[PDB]
Amino acid sequence: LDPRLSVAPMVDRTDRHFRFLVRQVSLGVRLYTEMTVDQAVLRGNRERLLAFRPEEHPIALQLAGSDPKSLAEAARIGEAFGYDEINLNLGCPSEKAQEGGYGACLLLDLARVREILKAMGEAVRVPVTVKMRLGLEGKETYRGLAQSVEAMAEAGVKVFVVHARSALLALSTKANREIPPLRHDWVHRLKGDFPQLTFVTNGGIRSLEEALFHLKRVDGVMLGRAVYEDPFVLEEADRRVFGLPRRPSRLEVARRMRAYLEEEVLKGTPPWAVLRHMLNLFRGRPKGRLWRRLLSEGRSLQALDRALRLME
RNA sequence: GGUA
Ligand SMILES: Cc1cc2nc3c(=O)[nH]c(=O)nc-3n(C[C@H](O)[C@H](O)[C@H](O)COP(=O)(O)O)c2cc1C
């Protein structure tokens, strides 16, 4: 498991279509699914929810839930689908998370978190990891954070992805990634205190240069919004992070997405399910706005063909 | 089944 660089799990963003796009930009970057509730995996259509392309490796499935047995079985199923890692969501502050007692509100019950992780760890052979916040209600302490890390490590967890801020359950989800202050220094300190463990820091990191800064202090960096707002924020990732002699081209990626789009349309996928994630491919580039316009207006393969000729 |  290479922890150096990852794209954050993002509901309504990091579905298989956007993940495929990102993979065209960076071969090395680690991909995460949208948060997927365990009940959905158990009772829903597992193909629709879990199926992914082999090119997406390395890829982790993120699960949400509160019941050890349900999550363990969901992890087992996730493993069967070929995911390289089962990630436990411990950071979602949504109203639905609060009603279902999952996500960030699990940090109130370390005993429960430990039995969840133990059950998950015994159900699969792939790494079981966590994505967490610094605490709840802005009442977090460094000792409290370290204690939670210890509890989870006792349960077998080695990889800790930390959104380096508290969660304020009274605020909206959007506000919960803007208002609570970031404390990346705490994640830096965790690595200093738990050298044997793997720490990936997350929150407000806008560029590869900024990621490189943190990579001097922690094992990895996870980027969310910056990547969706402009996938080519990862343009130099393969070369500067992963030491690969590879540099993507926006036009090459766009051409690959066209062939991808044709395959998907073939099997019933709505064109917009793919195109809606391609709007920022030319962010801040010449004709980038017309590109967005053409795709958003046409929402079809024919529209993509017009945009491609525009950018050729 | 699901964090503007
Ligand atoms: C639209 C959106 C959806 C998100 N969905 C998830 C999710 O499903 N699971 C999760 O652990 N975090 C989710 N998050 C939080 C991100 O993973 C990440 O921790 C947060 O955006 C801060 O990182 P960033 O500043 O690089 O974007 C989501 C964030 C956004 C903006």
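Only this structure's heavy atoms are used, side chains among them; waters, hydrogens and symmetry mates stay out. Numbers restart at 1 for each chain; the letters A, B, ... are given by sequence-line order, proteins then strands.
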Whole angstrom is fine here: how far is it from CG in A:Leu63 over to P in B:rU3?
14 Å
Between P on B:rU3 and CE on A:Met132, what's the gap in Å once rounded to a whole number?
20 Å
Would you kindly give the CG-to-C1' distance between A:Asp12 and B:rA4, to the nearest whole Å?
10 Å
Is the distance from OP1 or OP2 of B:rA4 to the nearest side-chain N or O of A:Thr173 less than 4.0 Å?
yes
Given atom CG of A:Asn176 and atom P of B:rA4, what is their separation to the nearest angstrom?
11 Å
NZ of A:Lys174 to CZ of A:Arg177: how many Å apart, nearest 0.5 Å?
8.5 Å
Between B:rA4, B:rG2, B:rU3, which nucleotide gets closest to the side-chain atoms of A:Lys174?
B:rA4
Find the distance A:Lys96:NZ to B:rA4:P and express it as a whole number of Å.
9 Å
Here the distance between atom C1' of B:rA4 and atom CZ of A:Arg225, to the nearest Å, is 12 Å
5'-most contact on RNA chain B: A:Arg13 or A:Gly44, nearest heavy atom basis?
A:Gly44
Any side-chain N or O of A:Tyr102 less than 4.0 Å from the OP1 or OP2 oxygen of B:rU3?
yes
Nearest-Å distance for atom pair CG/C1', residues A:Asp15 and B:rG1
15 Å
Charged N to carboxylate O under 4.0 angstrom, A:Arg309 versus A:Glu312?
no
Mind checking A:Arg48 for me? I need base, sugar-phosphate or nothing, with any heavy atom below 4.0 Å counting as a touch.
base
Mind checking A:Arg43 for me? I need base, sugar-phosphate or nothing, with any heavy atom below 4.0 Å counting as a touch.
nothing
Any salt bridge between A:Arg258 and A:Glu262, counting N to O under 4.0 Å?
yes
Ring-face cation of A:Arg189 near A:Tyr142 (centre distance under 6.0 Å, axis angle within 45°):
yes
Testing A:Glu34, A:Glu47, A:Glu264, A:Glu56 for salt bridge (charged side-chain N to carboxylate O under 4.0 Å, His left out) with A:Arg16, which one passes?
A:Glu264
B:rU3 P sits how many Å from A:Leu90 CG, rounded?
15 Å
Base, sugar-phosphate alone, or nothing: which one does A:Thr36 contact when heavy atoms must sit under 4.0 Å apart?
base
A:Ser94 side-chain N/O to B:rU3 phosphate OP1/OP2 under 4.0 Å
yes
